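Reading through the structure tokens given below for one structure.
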Amino acid sequence: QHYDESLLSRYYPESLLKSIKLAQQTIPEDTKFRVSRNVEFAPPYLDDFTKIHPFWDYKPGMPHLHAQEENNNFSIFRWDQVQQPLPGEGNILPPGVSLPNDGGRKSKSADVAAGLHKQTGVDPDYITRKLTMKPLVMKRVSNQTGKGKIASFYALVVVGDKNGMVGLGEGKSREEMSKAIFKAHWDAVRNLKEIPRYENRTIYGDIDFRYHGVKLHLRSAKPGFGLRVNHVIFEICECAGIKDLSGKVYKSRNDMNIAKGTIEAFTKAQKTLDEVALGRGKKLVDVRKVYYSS
Amino acid sequence: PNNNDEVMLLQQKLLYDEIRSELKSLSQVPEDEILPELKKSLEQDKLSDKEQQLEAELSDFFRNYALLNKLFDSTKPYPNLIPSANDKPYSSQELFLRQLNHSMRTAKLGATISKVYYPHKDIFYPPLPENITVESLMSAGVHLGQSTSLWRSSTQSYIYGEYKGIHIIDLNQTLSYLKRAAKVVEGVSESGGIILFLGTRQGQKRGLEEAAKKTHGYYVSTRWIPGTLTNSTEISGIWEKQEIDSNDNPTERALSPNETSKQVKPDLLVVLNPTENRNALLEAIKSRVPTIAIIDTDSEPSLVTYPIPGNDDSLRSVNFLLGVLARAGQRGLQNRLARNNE
Amino acid sequence: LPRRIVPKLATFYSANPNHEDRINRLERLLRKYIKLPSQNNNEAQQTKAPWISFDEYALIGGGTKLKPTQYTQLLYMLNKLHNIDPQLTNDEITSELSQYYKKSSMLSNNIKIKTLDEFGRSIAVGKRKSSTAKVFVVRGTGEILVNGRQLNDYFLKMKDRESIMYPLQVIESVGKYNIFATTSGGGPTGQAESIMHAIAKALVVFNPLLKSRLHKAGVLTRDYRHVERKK
Amino acid sequence: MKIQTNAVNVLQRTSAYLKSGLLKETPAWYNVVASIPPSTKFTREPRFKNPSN
Ligand SMILES: [Mg+2]
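Chains as they are written, first to last, in full-length UniProt numbering: chain G, 14 to 307; chain B, 36 to 109, 126 to 393; chain A, 33 to 263; chain R, 1 to 53.
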């Protein structure tokens, strides 16, 4: 289409009007333009080509194959910065990717909390604020293969809220011990269980429990007695919220099997007074508690 | 009385075929035969006032609905039937429609059928849990347990006796367990929970699909992927979730990528063949998902929250028990949609 | 009023929820229209079955999860619905099947019917080895000219002459056409067989019903063999 | 096979998750199961009469 100078003079710069006038006197109005399917001269988008893009066009003053300035008339005298910054926002961050501005600030507890919430539905706040994690076993194991000995890091950890909820988790990693502990912490939260506690301080009576080769003899204790037990059992009691306990381990004292045996004993070897009362149809009275009641 | 109306159309339809047939006849004739003779006539003819009327009325009528028109935009049953001529015999398609007419009216004259079992009605017309009797359960074969040689003695309390080398399940207990299980399905449905129906024995798909449809639930008939519940992010994260209102209508709200990766755990799992789905049962236990299952004499009752003692090998027995549970879910769904209306 | 997040598809917990949902939709149609008779032209082997490729169905049928047997199951149901008698089909079936038709509507074909030229001549080109031949076939009495020379002059070997005549011998039209053959490149064998190939392609215009017989005789197949640089 | 404990006590294990705060939201099945307790005795029962004869 041929347009009058008035219309074209309200959209295009004066410097380009003469070229438009000459083209409208050389190309007849009845020209039937054909599309080339061999050579693509024009870009894949529409452009009047009246403005120089700061990125998609050659930089004015920069030397290049098609620079029209004389070699003594270039205007780039500083070379410490990139001449043509990326267009638009200034980045090419893929959709769904985040710029790693800060590195090394993640909290392993928050990383465990986010993953478990997405995989199991547990509350992230409880994991990151209410739970305490304590490593119990940290060693290196090895497998003999045709290529050679392959070492692995093994971590056994216990987590708990100090208010009845405790869990045991194990983790393995061929790379580093930190990865093994992360997996163990992840596993421990998934294995969280509630353990009965008498007066939220001790166990109900005494426990004689056999876990594989470990013989566990645990006795309930008076208030203010403290924890007088194997060091492995001590850590578990701290996480679980047991304050008073006495005990002795016979036969095997393998740390791993003491920890698992203890967790099993606290759940499978205890019976609350309420459960005993209901099962037998009898009333069970704590004499010490009644003595100080109204 | 009004047949003429249709006759008027057919007349035009016949005329249309005639016009088209001879339009194609003139498409073969060479132009040299028609064109020069036609033009010569006009050279020997003089237009009249009336002739000119159509000289421009047709030019516009053809410059309006043929050239300057939009080529595109931005009898209801069997509408593609080609009726045969009134003298010609019925076509194959017409005979099919003629037979369908007979099937609706005449084909069922003479007697009605009562007290006869139709297999499809177990799926589409399941009874309500309160109307189930021992007779109905027995008619479906629910009492037929496994061979006494395959007995899992942990089922001893469900057994009524042994007969013909198999253990007979006590249907009095089956009925009580079934009613309890049905109430659970109804409760979960009325609460808006996700009910998954799992059955992987051949032929169960039809029952499973309808059960899910009438409870607005879900089903799996092919294979339970080990880890579907415990490893859900690696198996089911890619599939699409949606938000729905209290009427179970899609809200259409786009979901944040955070909400579309979260595990979507079933609120209740129904297992038709638990002996072949140990994986699913153990995952349900690990995931604290209550489960219902049909427990045959060789099946472990303690692996499920609500066992239903019954034959799990017959499709009739399974579809009978599934149908009852599915209708119980439907009633819960209908009671939830009703409380929203009022 | 209260809102909750639920799986979109009833088959969410299956191995391939997307494929199973699509199969269920087709199965419902095959159940609702179980009575409708199938095409009797299926015996006539109607040449219409433009279904999407396995890779194209993987975009909508679970991607990597999609298994070949699952694609085979989709085709067995798409064809069964497609083969319902056209007169007795309905919109519902066609609507469901439309999404599975390979998209080739925006584009057109590149073949224009071949016809005799202004002088009644059928022109075809043939190639064999390094040789090429352009023949002009017209209705005649069996006169042949090769590069303006008599057949016995240009081709000394009778087996080369017999090769040129074979396509005309298949349609039993040796004395019904005049051939003006022009050939260049290669040797006598390449040129004689290139002319043979070009005559066969030029004879199809005179009677397109004989193409099947020409194909069966093997004269319409371009011989691909050429001198191979030893590797 | 051992008499399983974890299938019939889903309500009690879930209740510990909710009381501690490990699980924020009550599951939809929770109320239903509480009102309809599972049978958890799994005992062998004697019989003193043949029902047939
Ligand atoms: Mg069985």
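Even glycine gets a Cβ: it sits at the ideal position worked out from N, Cα and C.
Buried or exposed: which applies to residue i, given that a residue is buried once 16 or more other Cβ atoms fall within 10 Å of its Cβ?
i, result
"G/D115", "exposed"
"G/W69", "exposed"
"R/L23", "buried"
"A/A213", "buried"
"A/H258", "exposed"
"B/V355", "buried"
"G/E53", "exposed"
"A/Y45", "buried"
"G/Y304", "exposed"
"B/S350", "buried"
"G/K235", "exposed"
"A/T79", "exposed"
Could you tell me which of the options sits nearest to residue i, measuring between CA atoms?
i, options, result
"B/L195", "B/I345, B/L354, B/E351 and B/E260", "B/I345"
"B/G258", "B/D95, B/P170 and B/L229", "B/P170"
"R/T26", "R/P37, R/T5 and R/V10", "R/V10"
"B/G380", "B/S190, B/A263 and B/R55", "B/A263"
"G/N243", "G/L229, G/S233 and G/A253", "G/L229"
"A/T104", "A/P118, A/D117, A/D87 and A/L120", "A/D87"
"residue 10 of chain A", "A/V169, A/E225, A/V206 and A/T126", "For chain A, the structure presents residues 33 to 263; residue 10 of chain A sits outside this window and is missing."
"G/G254", "G/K261, G/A234, G/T215 and G/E277", "G/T215"
"A/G207", "A/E175, A/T215, A/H247 and A/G222", "A/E175"
"B/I289", "B/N309, B/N298 and B/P301", "B/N309"
"R/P37", "R/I3, R/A7, R/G21 and R/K49", "R/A7"
"A/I211", "A/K263, A/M197, A/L129 and A/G94", "A/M197"
"A/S85", "A/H247, A/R261, A/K135 and A/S216", "A/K135"
"R/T40", "B/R387, B/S353, B/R378 and B/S338", "B/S353"
"B/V236", "B/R339, B/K215, B/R382 and B/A136", "B/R382"
"G/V172", "G/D17, G/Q157, G/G159 and G/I194", "G/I194"
By DSSP, does residue i sit in helix, in strand, or in coil?
i, result
"G/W92", "coil"
"R/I3", "coil"
"G/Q283", "coil"
"B/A232", "helix"
"G/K295", "coil"
"G/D43", "coil"
"B/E294", "strand"
"A/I211", "strand"
"A/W83", "strand"
"B/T279", "coil"
"G/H230", "strand"
"G/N86", "coil"
"G/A164", "strand"
"R/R47", "coil"
"G/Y304", "helix"
Any contact of the stretch 233 to 244 of chain A with the stretch 199 to 207 of chain A, i.e. 3+ C-beta pairs under 8 Å?
-> Verdict: yes, contact present.
Give, in chain order, every residue of the stretch 202 to 223 of chain G whose Cβ lies closer than 9 Å to some Cβ of chain R.
-> The stretch 202 to 223 of chain G vs chain R, Cβ under 9 Å: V202, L205, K206 and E207.
Does the stretch 261 to 275 of chain G come close enough to the stretch 199 to 215 of chain G that 3 or more CB-CB pairs lie under 8 Å?
-> These segments do not touch.
Indicate whether the contact test is met: 3 or more Cβ pairs, each with one atom in the stretch 141 to 149 of chain G and one in the stretch 164 to 172 of chain G, closer than 8 Å.
-> The stretch 141 to 149 of chain G, when compared against the stretch 164 to 172 of chain G, does touch it at the 8 Å Cβ threshold.
May I ask you to list, following chain order, the residues of the stretch 234 to 245 of chain B that have a beta carbon less than 9 Å from some beta carbon of chain G?
-> Answer set for the stretch 234 to 245 of chain B: empty.
What residues in the stretch 314 to 327 of chain B bring their beta carbon closer than 9 Å to a beta carbon of chain G?
-> Shown in chain order are the members of the stretch 314 to 327 of chain B whose Cβ falls below 9 Å from a Cβ of chain G: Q314 and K316.
What residues from the stretch 89 to 110 of chain A come within 7 Å of chain B, judged by C-beta to C-beta, listed N to C?
-> Answer set for the stretch 89 to 110 of chain A: empty.
So, do the stretch 137 to 151 of chain A and the stretch 179 to 191 of chain A have three or more beta carbon pairs nearer to each other than 8 Å?
-> Contact fails: fewer than three Cβ-Cβ distances are below 8 Å.
The stretch 312 to 324 of chain B contacting the stretch 279 to 290 of chain B, beta-carbon criterion three pairs below 8 Å = Taking a contact to require three or more Cβ pairs closer than 8 Å, the stretch 312 to 324 of chain B and the stretch 279 to 290 of chain B qualify as touching.
For the stretch 17 to 33 of chain R, which residues have a CB atom closer than 7 Å to at least one CB atom of chain G, in sequence order?
-> Here the close residues are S20, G21, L22, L23 and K24.
Sufficient close CB pairs (3 or more, under 8 Å) joining the stretch 232 to 242 of chain G to the stretch 286 to 295 of chain G | Contact fails: fewer than three Cβ-Cβ distances are below 8 Å.
Stretch-stretch touch, CB-based, cutoff 8 Å, three pairs: the stretch 205 to 222 of chain B with the stretch 359 to 372 of chain B | The way I'd put it, the stretch 205 to 222 of chain B does touch the stretch 359 to 372 of chain B; three or more beta-carbon pairs between them come closer than 8 Å.
Is the stretch 315 to 325 of chain B touching the stretch 245 to 261 of chain B in the sense that three or more CB pairs, one from each, lie closer than 8 Å?
-> By the C-beta criterion, the stretch 245 to 261 of chain B is judged to be in contact with the stretch 315 to 325 of chain B, since at least 3 inter-stretch pairs fall below 8 Å.
Between the stretch 124 to 155 of chain A and chain B, which residues of the former have CB atoms less than 7 Å from a CB of the latter, in chain order?
-> Hits within the stretch: zero.
Return the residues of the stretch 346 to 377 of chain B that lie within a Cβ-Cβ distance of less than 9 Å from chain R, sorted by chain order.
-> In summary, the residues of the stretch 346 to 377 of chain B whose CB is separated from some CB of chain R by less than 9 Å are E351, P352, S353, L354, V355, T356, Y357 and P358, in the order they occur in the chain.
Relative to chain G, which residues along the stretch 152 to 175 of chain B have a C-beta separation below 8 Å, given in chain order?
-> With the criterion set as a beta carbon lying under 8 Å from some beta carbon of chain G, the stretch 152 to 175 of chain B has no members that meet it.
Along the stretch 121 to 133 of chain G, what residues have a CB closer than 7 Å to any CB found in chain B?
-> Residues of the stretch 121 to 133 of chain G whose Cβ lies closer than 7 Å to any Cβ of chain B, in chain order: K131, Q132 and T133.
Are the stretch 179 to 198 of chain B and the stretch 211 to 230 of chain B touching by the rule of at least three beta carbon pairs closer than 8 Å?
-> With a cut-off of 8 Å on Cβ pairs, the stretch 179 to 198 of chain B is in contact with the stretch 211 to 230 of chain B, counting three or more such pairs.
Which residues, taken in chain order from the stretch 290 to 317 of chain B, show a beta carbon closer than 9 Å to some beta carbon of chain A?
-> Result list: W290, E291, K292, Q293, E294, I295, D296, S297, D299, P301, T302, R304, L306, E310, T311, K313, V315 and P317.
Touching or not, the stretch 62 to 76 of chain A and the stretch 324 to 334 of chain B, by the rule of three or more beta carbon pairs under 8 Å?
-> The stretch 62 to 76 of chain A, when compared against the stretch 324 to 334 of chain B, does not touch it at the 8 Å Cβ threshold.
Check distances from the C-beta atoms of the stretch 267 to 284 of chain B to those of chain G and list, in chain order, the residues that come in under 9 Å.
-> Within the stretch 267 to 284 of chain B, the qualifying residues are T281, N282, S283 and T284.
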